[PDB]
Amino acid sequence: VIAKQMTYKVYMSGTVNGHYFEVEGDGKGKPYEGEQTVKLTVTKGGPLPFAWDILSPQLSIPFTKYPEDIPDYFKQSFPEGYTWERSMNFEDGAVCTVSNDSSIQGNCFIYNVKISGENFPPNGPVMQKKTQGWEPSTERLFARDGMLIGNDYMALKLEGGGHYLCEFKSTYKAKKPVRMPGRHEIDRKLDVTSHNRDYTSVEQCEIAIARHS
C-alpha cells in the first residue's frame, strides 16, 4: 500500500485577492522517515502577484514519521484516502480557506487542492512578496467523531525582521474508518529550496515527525 519510497502529484487551483491561478506539482519522499520534496509549475495565472509562502503548506501528511505506538490516521486511510478543510486566519484580518481531496494510485498519492484568500493589504508583505518562509512549527491534533482537528499557530518571517502571525485550523476526514489516535503533535519544518525569477517554477522540502504531547 505505502512503500518506503513514494511519489505524488498535486493539482491546485485558487484565487487570492481576486487573482486566479493553477499549479501542478510532482513530489517524492520517504513516508516512514517524514521526508519529502516537491517541484511545482504555475500552469495558469503566472507570475503570481502574491507571496509563494501562502501556498506552500497546501502542497501531504502521509509523509509524516509516526512512531509505532501512535495510530497513523493518514496512512491508514488508503487506498480510499481522506479530505481536509483548513482556515488560515492572519492577524490583520486576511483569511484563506483551503480544501483538499487525497487519493492514491499505486505508489503515487494524488492531491487536489483549492484555495481562496482575500483581504491581504495591497502594499503588505504577502502582496508585495516580502515574506521569507514559515518558522518551524508544531501542530497539535486530537480526535473527534472519527476525524482529527488540528491547530497550529504559524508565523511568516518578514524581510526586515519580525513575523506575520496566522492561526491554522484544520479538520482531517478519512473516507473510511481508521484506528484513532489520541492527542498528539506533529513537528514540521517547510522550506522553499529553488525558484525561478517570478516564482512560476518552485521546489520545496518538508520534514514532519509525530510525537506524543
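So that there is no doubt, residue numbering starts at 1 and follows the sequence shown.
Gap between residue 59 and residue 60: 1 to 3 deposited residues without coordinates. Set 138 to 146 against 100 to 108 and average the Cα temperature factors; 138 to 146 ends up higher. Comparing the deposited coordinates for 172 to 180 and 152 to 160, the stretch with the larger average C-alpha B-factor is 152 to 160.
The PDB entry assigns the greatest CA B-factor among 123, 77, 83, 116 to 123. Ranked against the other modelled residues of its chain, the C-alpha B-factor of residue 49 as given in the entry falls in the middle third. In the PDB entry, residue 67 places in the highest third of its chain by CA B-factor. Sorting the modelled residues of the chain by their CA temperature factor places residue 208 in the middle third. Residue-level temperature factors show residue 31 in the highest third of its chain, judged at the C-alpha atom.
For residue 42, the recorded CA temperature factor ranks within the lowest third of the chain's modelled residues.
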